[PDB]
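**Student:** The file below is start07.cif, mmCIF, C-alpha atoms:
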data_target
#
loop_
_atom_site.group_PDB
_atom_site.id
_atom_site.type_symbol
_atom_site.label_atom_id
_atom_site.label_comp_id
_atom_site.auth_asym_id
_atom_site.auth_seq_id
_atom_site.Cartn_x
_atom_site.Cartn_y
_atom_site.Cartn_z
ATOM 1 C CA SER A 1 0.000 0.000 0.000
ATOM 2 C CA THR A 2 0.855 3.673 -0.235
ATOM 3 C CA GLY A 3 -0.542 7.008 0.893
ATOM 4 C CA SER A 4 -0.131 10.573 -0.363
ATOM 5 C CA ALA A 5 -1.425 13.718 1.366
ATOM 6 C CA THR A 6 -0.940 17.410 0.781
ATOM 7 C CA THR A 7 0.515 19.450 3.617
ATOM 8 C CA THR A 8 -0.327 23.168 3.838
ATOM 9 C CA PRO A 9 1.367 26.036 5.728
ATOM 10 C CA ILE A 10 -0.792 27.354 8.577
ATOM 11 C CA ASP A 11 0.130 30.982 7.903
ATOM 12 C CA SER A 12 2.108 33.320 5.646
ATOM 13 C CA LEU A 13 5.380 32.549 7.481
ATOM 14 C CA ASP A 14 5.259 28.738 7.205
ATOM 15 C CA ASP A 15 5.208 28.552 11.017
ATOM 16 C CA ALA A 16 3.943 24.964 10.725
ATOM 17 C CA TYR A 17 2.208 22.697 8.223
ATOM 18 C CA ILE A 18 -1.099 20.852 8.547
ATOM 19 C CA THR A 19 -2.134 17.634 6.834
ATOM 20 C CA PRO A 20 -5.690 16.265 6.816
ATOM 21 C CA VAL A 21 -6.134 12.951 8.646
ATOM 22 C CA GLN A 22 -9.268 10.774 8.732
ATOM 23 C CA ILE A 23 -10.051 9.299 12.163
ATOM 24 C CA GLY A 24 -12.872 6.928 13.016
ATOM 25 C CA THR A 25 -16.020 5.619 11.357
ATOM 26 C CA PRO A 26 -17.604 7.587 9.784
ATOM 27 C CA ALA A 27 -14.443 9.574 9.168
ATOM 28 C CA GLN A 28 -13.730 12.657 11.248
ATOM 29 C CA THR A 29 -11.151 14.755 9.393
ATOM 30 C CA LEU A 30 -8.708 16.679 11.580
ATOM 31 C CA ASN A 31 -5.771 18.790 10.401
ATOM 32 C CA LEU A 32 -2.681 17.491 12.160
ATOM 33 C CA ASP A 33 0.895 18.734 12.436
ATOM 34 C CA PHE A 34 3.110 15.885 11.197
ATOM 35 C CA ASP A 35 6.111 15.898 13.522
ATOM 36 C CA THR A 36 9.219 13.815 12.812
ATOM 37 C CA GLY A 37 10.560 14.982 16.191
ATOM 38 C CA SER A 38 7.934 13.256 18.365
ATOM 39 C CA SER A 39 6.034 9.996 18.510
ATOM 40 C CA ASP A 40 2.496 10.649 19.792
ATOM 41 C CA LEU A 41 -0.627 11.023 17.644
ATOM 42 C CA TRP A 42 -2.813 13.270 19.797
ATOM 43 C CA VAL A 43 -5.922 15.274 19.032
ATOM 44 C CA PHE A 44 -8.201 17.936 20.368
ATOM 45 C CA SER A 45 -11.319 16.051 21.387
ATOM 46 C CA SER A 46 -14.726 16.060 23.038
ATOM 47 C CA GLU A 47 -12.724 15.399 26.249
ATOM 48 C CA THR A 48 -10.584 18.551 25.981
ATOM 49 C CA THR A 49 -11.214 21.111 28.736
ATOM 50 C CA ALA A 50 -13.722 23.450 27.096
ATOM 51 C CA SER A 51 -11.871 26.667 27.947
ATOM 52 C CA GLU A 52 -8.781 25.270 26.187
ATOM 53 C CA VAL A 53 -10.554 24.781 22.838
ATOM 54 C CA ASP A 54 -10.708 27.861 20.591
ATOM 55 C CA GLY A 55 -11.640 27.041 16.996
ATOM 56 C CA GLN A 56 -10.025 23.605 16.579
ATOM 57 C CA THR A 57 -11.866 20.681 15.067
ATOM 58 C CA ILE A 58 -12.334 17.972 17.689
ATOM 59 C CA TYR A 59 -12.388 14.176 17.586
ATOM 60 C CA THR A 60 -15.468 12.731 19.298
ATOM 61 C CA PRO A 61 -14.805 9.050 19.971
ATOM 62 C CA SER A 62 -18.413 8.363 21.014
ATOM 63 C CA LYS A 63 -19.435 9.140 17.408
ATOM 64 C CA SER A 64 -17.004 6.590 15.946
ATOM 65 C CA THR A 65 -18.237 3.006 15.696
ATOM 66 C CA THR A 66 -14.636 1.766 15.543
ATOM 67 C CA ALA A 67 -13.296 3.695 18.570
ATOM 68 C CA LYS A 68 -12.386 1.718 21.673
ATOM 69 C CA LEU A 69 -11.070 3.088 24.959
ATOM 70 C CA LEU A 70 -7.575 1.749 25.635
ATOM 71 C CA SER A 71 -8.335 0.964 29.245
ATOM 72 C CA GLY A 72 -6.027 2.494 31.809
ATOM 73 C CA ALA A 73 -3.783 4.220 29.273
ATOM 74 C CA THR A 74 -2.749 7.837 29.740
ATOM 75 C CA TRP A 75 -0.285 10.136 28.015
ATOM 76 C CA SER A 76 1.525 13.380 28.748
ATOM 77 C CA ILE A 77 4.028 15.181 26.569
ATOM 78 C CA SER A 78 6.175 18.285 26.761
ATOM 79 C CA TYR A 79 7.742 19.752 23.643
ATOM 80 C CA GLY A 80 10.997 21.618 23.110
ATOM 81 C CA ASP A 81 9.141 24.908 22.783
ATOM 82 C CA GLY A 82 7.650 24.540 26.274
ATOM 83 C CA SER A 83 4.170 23.530 25.139
ATOM 84 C CA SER A 84 2.427 20.424 26.451
ATOM 85 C CA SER A 85 -0.676 18.286 26.403
ATOM 86 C CA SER A 86 -2.058 15.180 28.123
ATOM 87 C CA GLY A 87 -5.045 12.867 28.287
ATOM 88 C CA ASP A 88 -6.305 9.329 27.733
ATOM 89 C CA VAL A 89 -6.216 6.971 24.746
ATOM 90 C CA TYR A 90 -8.508 5.311 22.226
ATOM 91 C CA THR A 91 -7.716 2.965 19.398
ATOM 92 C CA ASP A 92 -9.416 3.714 16.099
ATOM 93 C CA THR A 93 -9.011 3.598 12.328
ATOM 94 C CA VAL A 94 -6.713 6.320 10.989
ATOM 95 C CA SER A 95 -6.140 7.106 7.325
ATOM 96 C CA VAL A 96 -3.638 9.477 5.722
ATOM 97 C CA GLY A 97 -3.858 10.160 2.013
ATOM 98 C CA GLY A 98 -5.552 6.835 1.323
ATOM 99 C CA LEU A 99 -3.333 4.720 3.610
ATOM 100 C CA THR A 100 -5.310 3.118 6.437
ATOM 101 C CA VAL A 101 -4.162 1.782 9.798
ATOM 102 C CA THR A 102 -6.609 -0.060 12.023
ATOM 103 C CA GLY A 103 -6.103 -0.081 15.783
ATOM 104 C CA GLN A 104 -4.004 3.094 15.815
ATOM 105 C CA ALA A 105 -3.552 4.714 19.226
ATOM 106 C CA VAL A 106 -5.333 8.071 19.102
ATOM 107 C CA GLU A 107 -4.388 10.080 22.163
ATOM 108 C CA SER A 108 -7.311 12.245 23.254
ATOM 109 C CA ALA A 109 -6.345 15.500 24.949
ATOM 110 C CA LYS A 110 -7.954 16.365 28.246
ATOM 111 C CA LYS A 111 -5.567 19.316 28.675
ATOM 112 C CA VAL A 112 -3.489 21.381 26.273
ATOM 113 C CA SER A 113 -1.192 24.332 26.985
ATOM 114 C CA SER A 114 -1.931 27.865 25.897
ATOM 115 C CA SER A 115 0.074 27.806 22.667
ATOM 116 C CA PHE A 116 -2.070 24.945 21.358
ATOM 117 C CA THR A 117 -5.323 26.655 22.361
ATOM 118 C CA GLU A 118 -4.173 29.854 20.684
ATOM 119 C CA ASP A 119 -3.504 28.131 17.374
ATOM 120 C CA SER A 120 -6.916 27.433 15.874
ATOM 121 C CA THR A 121 -5.423 25.832 12.748
ATOM 122 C CA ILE A 122 -3.758 22.816 14.404
ATOM 123 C CA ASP A 123 -6.123 20.066 15.589
ATOM 124 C CA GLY A 124 -3.339 17.865 17.005
ATOM 125 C CA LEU A 125 -0.006 16.241 16.178
ATOM 126 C CA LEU A 126 0.937 13.081 14.307
ATOM 127 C CA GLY A 127 4.334 11.893 15.488
ATOM 128 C CA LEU A 128 6.764 10.324 13.036
ATOM 129 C CA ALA A 129 9.885 9.867 15.193
ATOM 130 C CA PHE A 130 10.685 6.423 16.611
ATOM 131 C CA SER A 131 8.079 4.677 18.760
ATOM 132 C CA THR A 132 10.535 4.480 21.665
ATOM 133 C CA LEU A 133 9.616 8.144 22.377
ATOM 134 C CA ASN A 134 5.867 7.491 22.600
ATOM 135 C CA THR A 135 4.541 8.683 25.973
ATOM 136 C CA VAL A 136 1.578 6.339 26.495
ATOM 137 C CA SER A 137 1.661 4.611 29.888
ATOM 138 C CA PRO A 138 1.665 1.867 31.050
ATOM 139 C CA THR A 139 1.812 0.308 27.565
ATOM 140 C CA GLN A 140 3.808 2.326 25.024
ATOM 141 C CA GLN A 141 2.117 2.682 21.637
ATOM 142 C CA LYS A 142 3.364 2.675 18.043
ATOM 143 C CA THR A 143 3.381 5.575 15.608
ATOM 144 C CA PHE A 144 1.197 5.619 12.515
ATOM 145 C CA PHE A 145 4.278 4.904 10.382
ATOM 146 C CA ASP A 146 5.413 2.023 12.580
ATOM 147 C CA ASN A 147 1.930 0.459 12.361
ATOM 148 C CA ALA A 148 1.718 0.967 8.573
ATOM 149 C CA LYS A 149 5.259 -0.052 7.728
ATOM 150 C CA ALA A 150 4.844 -3.753 7.048
ATOM 151 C CA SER A 151 1.947 -3.065 4.646
ATOM 152 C CA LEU A 152 3.780 -0.375 2.698
ATOM 153 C CA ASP A 153 5.274 -1.076 -0.720
ATOM 154 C CA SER A 154 8.574 0.218 0.702
ATOM 155 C CA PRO A 155 9.204 1.042 4.393
ATOM 156 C CA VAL A 156 9.628 4.782 3.855
ATOM 157 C CA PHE A 157 7.898 8.101 4.047
ATOM 158 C CA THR A 158 8.927 11.364 2.398
ATOM 159 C CA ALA A 159 8.556 15.019 3.345
ATOM 160 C CA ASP A 160 8.346 17.587 0.561
ATOM 161 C CA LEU A 161 7.530 20.842 2.335
ATOM 162 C CA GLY A 162 6.782 23.986 0.348
ATOM 163 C CA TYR A 163 8.095 27.501 0.776
ATOM 164 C CA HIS A 164 4.998 29.651 1.199
ATOM 165 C CA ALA A 165 3.125 26.898 -0.687
ATOM 166 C CA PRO A 166 1.608 23.441 -0.148
ATOM 167 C CA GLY A 167 3.734 20.312 -0.288
ATOM 168 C CA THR A 168 3.366 16.565 0.164
ATOM 169 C CA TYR A 169 3.835 13.705 2.614
ATOM 170 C CA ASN A 170 4.054 10.320 0.866
ATOM 171 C CA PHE A 171 4.049 6.917 2.547
ATOM 172 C CA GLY A 172 5.424 3.761 0.981
ATOM 173 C CA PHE A 173 7.029 5.129 -2.192
ATOM 174 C CA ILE A 174 9.531 7.641 -3.510
ATOM 175 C CA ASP A 175 8.090 9.995 -6.131
ATOM 176 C CA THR A 176 10.976 10.244 -8.574
ATOM 177 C CA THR A 177 9.316 13.260 -10.241
ATOM 178 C CA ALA A 178 9.417 15.320 -7.025
ATOM 179 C CA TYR A 179 13.151 16.100 -6.921
ATOM 180 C CA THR A 180 16.075 16.963 -9.165
ATOM 181 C CA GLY A 181 19.345 15.074 -9.453
ATOM 182 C CA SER A 182 19.935 12.177 -7.081
ATOM 183 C CA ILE A 183 19.028 11.432 -3.465
ATOM 184 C CA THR A 184 22.017 11.296 -1.112
ATOM 185 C CA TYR A 185 21.520 8.932 1.797
ATOM 186 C CA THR A 186 23.201 9.387 5.153
ATOM 187 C CA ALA A 187 23.378 7.359 8.383
ATOM 188 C CA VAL A 188 20.870 7.725 11.220
ATOM 189 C CA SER A 189 21.264 7.114 14.935
ATOM 190 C CA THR A 190 18.044 6.105 16.655
ATOM 191 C CA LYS A 191 19.642 6.176 20.115
ATOM 192 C CA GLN A 192 17.714 9.273 21.228
ATOM 193 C CA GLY A 193 14.527 8.259 19.358
ATOM 194 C CA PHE A 194 14.999 10.871 16.633
ATOM 195 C CA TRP A 195 15.943 10.906 12.969
ATOM 196 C CA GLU A 196 19.422 11.973 14.040
ATOM 197 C CA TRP A 197 22.157 12.391 11.438
ATOM 198 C CA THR A 198 25.433 14.256 10.847
ATOM 199 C CA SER A 199 25.713 17.043 8.307
ATOM 200 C CA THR A 200 29.130 17.382 6.690
ATOM 201 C CA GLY A 201 29.335 21.184 6.904
ATOM 202 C CA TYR A 202 28.013 24.494 5.709
ATOM 203 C CA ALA A 203 28.496 27.599 3.603
ATOM 204 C CA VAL A 204 27.111 31.128 3.927
ATOM 205 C CA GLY A 205 25.998 32.755 0.684
ATOM 206 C CA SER A 206 28.617 32.384 -2.025
ATOM 207 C CA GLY A 207 31.303 31.665 0.571
ATOM 208 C CA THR A 208 33.562 28.666 0.766
ATOM 209 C CA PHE A 209 32.223 25.437 2.233
ATOM 210 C CA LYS A 210 33.378 24.642 5.772
ATOM 211 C CA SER A 211 33.800 20.911 6.331
ATOM 212 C CA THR A 212 32.676 20.156 9.863
ATOM 213 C CA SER A 213 30.453 17.491 11.410
ATOM 214 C CA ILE A 214 27.125 18.813 12.705
ATOM 215 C CA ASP A 215 24.979 16.237 14.493
ATOM 216 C CA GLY A 216 21.287 17.101 14.507
ATOM 217 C CA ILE A 217 17.739 15.911 13.970
ATOM 218 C CA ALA A 218 15.445 16.124 10.961
ATOM 219 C CA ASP A 219 12.370 17.635 12.607
ATOM 220 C CA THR A 220 9.330 18.651 10.579
ATOM 221 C CA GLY A 221 7.615 19.866 13.761
ATOM 222 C CA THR A 222 10.185 22.600 14.437
ATOM 223 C CA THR A 223 9.853 25.795 12.386
ATOM 224 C CA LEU A 224 13.450 27.058 12.338
ATOM 225 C CA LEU A 225 17.008 25.841 11.775
ATOM 226 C CA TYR A 226 18.913 25.593 15.081
ATOM 227 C CA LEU A 227 22.685 25.204 14.751
ATOM 228 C CA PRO A 228 25.811 25.743 16.869
ATOM 229 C CA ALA A 229 26.490 29.315 17.930
ATOM 230 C CA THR A 230 29.678 29.470 15.867
ATOM 231 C CA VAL A 231 27.808 28.596 12.649
ATOM 232 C CA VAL A 232 24.925 30.954 13.396
ATOM 233 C CA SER A 233 27.273 33.855 14.184
ATOM 234 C CA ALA A 234 29.089 33.271 10.885
ATOM 235 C CA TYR A 235 25.767 33.460 9.020
ATOM 236 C CA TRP A 236 24.413 36.634 10.656
ATOM 237 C CA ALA A 237 27.780 38.402 10.387
ATOM 238 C CA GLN A 238 27.027 38.605 6.659
ATOM 239 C CA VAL A 239 23.844 40.643 7.263
ATOM 240 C CA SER A 240 24.379 44.333 8.006
ATOM 241 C CA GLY A 241 22.737 45.317 11.252
ATOM 242 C CA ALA A 242 21.889 41.781 12.380
ATOM 243 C CA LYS A 243 22.299 41.082 16.087
ATOM 244 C CA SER A 244 21.313 38.635 18.764
ATOM 245 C CA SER A 245 18.620 40.124 20.963
ATOM 246 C CA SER A 246 18.074 38.612 24.401
ATOM 247 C CA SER A 247 14.830 40.590 24.726
ATOM 248 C CA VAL A 248 13.393 39.196 21.488
ATOM 249 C CA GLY A 249 14.883 35.723 21.985
ATOM 250 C CA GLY A 250 17.324 35.331 19.118
ATOM 251 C CA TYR A 251 18.869 36.896 16.061
ATOM 252 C CA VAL A 252 17.006 39.759 14.446
ATOM 253 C CA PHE A 253 17.907 41.711 11.347
ATOM 254 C CA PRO A 254 16.757 44.857 9.516
ATOM 255 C CA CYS A 255 13.665 44.093 7.472
ATOM 256 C CA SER A 256 15.327 46.064 4.642
ATOM 257 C CA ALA A 257 18.059 43.408 4.309
ATOM 258 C CA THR A 258 18.589 40.965 1.495
ATOM 259 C CA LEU A 259 19.503 37.692 3.247
ATOM 260 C CA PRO A 260 22.251 35.390 1.952
ATOM 261 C CA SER A 261 21.567 31.721 1.297
ATOM 262 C CA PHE A 262 22.757 28.990 3.642
ATOM 263 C CA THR A 263 24.128 25.666 2.393
ATOM 264 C CA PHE A 264 24.333 22.462 4.414
ATOM 265 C CA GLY A 265 26.176 19.285 3.529
ATOM 266 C CA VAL A 266 24.708 15.804 3.177
ATOM 267 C CA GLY A 267 27.691 13.596 2.518
ATOM 268 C CA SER A 268 29.357 15.078 -0.559
ATOM 269 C CA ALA A 269 26.047 16.673 -1.640
ATOM 270 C CA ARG A 270 24.842 20.160 -0.821
ATOM 271 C CA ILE A 271 21.371 21.564 -0.036
ATOM 272 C CA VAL A 272 20.950 25.302 -0.567
ATOM 273 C CA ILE A 273 18.457 27.223 1.569
ATOM 274 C CA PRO A 274 17.587 30.470 -0.277
ATOM 275 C CA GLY A 275 17.905 33.644 1.777
ATOM 276 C CA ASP A 276 14.177 34.342 1.610
ATOM 277 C CA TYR A 277 13.495 31.089 3.489
ATOM 278 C CA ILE A 278 15.376 32.585 6.462
ATOM 279 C CA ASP A 279 13.041 35.612 6.793
ATOM 280 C CA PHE A 280 10.387 35.231 9.527
ATOM 281 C CA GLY A 281 9.133 38.774 9.246
ATOM 282 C CA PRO A 282 8.607 41.612 11.702
ATOM 283 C CA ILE A 283 9.121 40.744 15.362
ATOM 284 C CA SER A 284 5.821 42.508 16.115
ATOM 285 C CA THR A 285 3.287 44.023 13.757
ATOM 286 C CA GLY A 286 4.718 47.062 11.969
ATOM 287 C CA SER A 287 8.258 46.642 13.272
ATOM 288 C CA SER A 288 11.258 47.108 10.982
ATOM 289 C CA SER A 289 13.157 44.470 12.971
ATOM 290 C CA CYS A 290 12.703 41.016 11.448
ATOM 291 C CA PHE A 291 13.171 37.610 13.077
ATOM 292 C CA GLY A 292 15.797 35.257 11.709
ATOM 293 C CA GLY A 293 15.159 31.717 10.575
ATOM 294 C CA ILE A 294 18.594 30.419 11.619
ATOM 295 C CA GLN A 295 19.060 30.488 15.388
ATOM 296 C CA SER A 296 21.494 29.116 17.939
ATOM 297 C CA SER A 297 20.931 25.663 19.410
ATOM 298 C CA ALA A 298 23.054 26.546 22.443
ATOM 299 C CA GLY A 299 21.082 25.514 25.496
ATOM 300 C CA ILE A 300 18.680 23.286 23.509
ATOM 301 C CA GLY A 301 21.171 20.464 23.771
ATOM 302 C CA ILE A 302 20.701 19.350 20.162
ATOM 303 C CA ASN A 303 20.898 20.848 16.680
ATOM 304 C CA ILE A 304 17.591 20.864 14.809
ATOM 305 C CA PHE A 305 17.144 20.760 11.051
ATOM 306 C CA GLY A 306 13.618 22.136 11.181
ATOM 307 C CA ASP A 307 11.330 23.321 8.407
ATOM 308 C CA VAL A 308 13.664 26.113 7.220
ATOM 309 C CA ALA A 309 16.168 23.439 6.210
ATOM 310 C CA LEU A 310 13.833 20.609 5.263
ATOM 311 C CA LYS A 311 11.652 22.665 2.925
ATOM 312 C CA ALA A 312 14.738 23.274 0.736
ATOM 313 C CA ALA A 313 14.909 19.511 0.065
ATOM 314 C CA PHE A 314 13.007 16.379 -0.815
ATOM 315 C CA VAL A 315 13.590 14.264 2.315
ATOM 316 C CA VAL A 316 13.359 10.481 2.573
ATOM 317 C CA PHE A 317 12.760 8.956 6.002
ATOM 318 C CA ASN A 318 13.885 5.385 5.352
ATOM 319 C CA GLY A 319 12.494 3.057 8.000
ATOM 320 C CA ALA A 320 14.260 -0.079 6.825
ATOM 321 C CA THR A 321 15.789 -2.375 9.456
ATOM 322 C CA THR A 322 18.719 0.033 9.591
ATOM 323 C CA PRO A 323 17.100 3.452 9.125
ATOM 324 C CA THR A 324 18.694 6.155 6.976
ATOM 325 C CA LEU A 325 17.819 9.652 5.729
ATOM 326 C CA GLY A 326 17.924 10.807 2.127
ATOM 327 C CA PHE A 327 18.114 14.370 0.822
ATOM 328 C CA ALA A 328 17.684 15.662 -2.724
ATOM 329 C CA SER A 329 17.463 19.135 -4.179
ATOM 330 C CA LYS A 330 14.149 20.032 -5.841
#
Render the structure in this file as structure tokens.

**Tutor:**
Amino acid sequence: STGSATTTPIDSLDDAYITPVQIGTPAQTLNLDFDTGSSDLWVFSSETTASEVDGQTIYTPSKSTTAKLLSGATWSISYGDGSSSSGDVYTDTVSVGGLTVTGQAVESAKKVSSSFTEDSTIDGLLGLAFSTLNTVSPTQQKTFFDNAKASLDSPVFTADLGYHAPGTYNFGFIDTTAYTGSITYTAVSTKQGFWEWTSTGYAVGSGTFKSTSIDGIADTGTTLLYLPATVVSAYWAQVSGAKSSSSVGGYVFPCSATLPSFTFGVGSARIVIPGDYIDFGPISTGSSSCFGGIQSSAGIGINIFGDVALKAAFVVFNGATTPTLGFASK
């Protein structure tokens, strides 16, 4: 089997992407944030504290003839950005782009933190990291991909995120029309539960390539590119007037700037992030200070190849017995 679903930016900045997901019988379609940095499929629901729902579409398990309470199971998750959610668990039928999993754990939120409430466009998350990170207790549950994998034509999924435009998540096949040149594959460590890999270096604009190993995670659920302070300083030094602002919470730059590109290495291959992808717009409405899309990972504890980086590539998440990651230009 295969599946193919369009993923759509939630706003004009590509702050996140939503993908429609069918849950239950009859189907209830929710728009979920596909997150290769976590491993829980959780939804706003009829169980979510009413004051914490503000415009989201909810899953109502009592209206699904295939929903079953997973007795005694609870979940609770905290994300890198400080947000969180928790609740109980049902199993139900879940379909993405025509690919169906029966008995998928659907984690129903009883509580969500303010940032989730405040984002009316995201109805929940669909985790695509390794199932070892799943938070369900006392019986850990599998991701949608893990459950689907054996049925797929090939044990892979691909992320093809758009810049200010829709893109695609495919399951079970590689669309050879969706990228240019060849796909370069690189090793993955699953030791921390992430799609963790090592970039071979970087360049700023038309500058020379610096060969240096940068360990980090491919994370579709993180907006920005978080890299070591040395790398980030080298980038922003090429933008007149750019500075790190403790009050704003990272590098800012004059909105009048033209940003240089940023290149990262994948083996001997190179992925170029155009400068415009690095512009996250005014820090507050009407400001002439703009927020940068490349930020320091210092104090996160890990480098994160988030959407800024991934949307410059066609990315293969290869879930073979020994997982790997592939990157192609597009």

**Student:** Decode the PyMOL selection byres ((chain A and resi 6) around 10) for the given file into explicit residues and return them as a ChimeraX atom specification.

**Tutor:** /A:4-5,7-8,17-20,96-97,160-161,166-170

**Student:** So, counting all atoms listed in the file, which residue among A:159, A:272, A:136, A:13 is closest to residue A:206?

**Tutor:**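 Ranked by minimum distance to residue A:206, first place goes to A:272.
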
**Student:** Could you name the residues that touch residue A:312 at 7 Å or less, counting all atoms listed in the file, but leaving out those on the same chain fewer than 6 positions away, as a PyMOL selection string?

**Tutor:** chain A and resi 271-273+329

**Student:** With the file shown as input, list the residues that the PyMOL selection byres ((chain A and resi 54) around 8) selects, as JSON, numbers by chain.

**Tutor:** {"A": [51, 52, 53, 55, 56, 117, 118, 119, 120]}

**Student:** Could you write out as a ChimeraX atom specification the residues that the PyMOL selection byres ((chain A and resi 91) around 9) matches in the shown file?

**Tutor:** /A:66-70,89-90,92-93,102-107

**Student:** I need the residue nearest residue A:306 from this list: A:94, A:183, A:16, A:133. Use all atoms listed in the file for the distance.

**Tutor:**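 Among A:94, A:183, A:16, A:133, it is A:16 that comes nearest to residue A:306.
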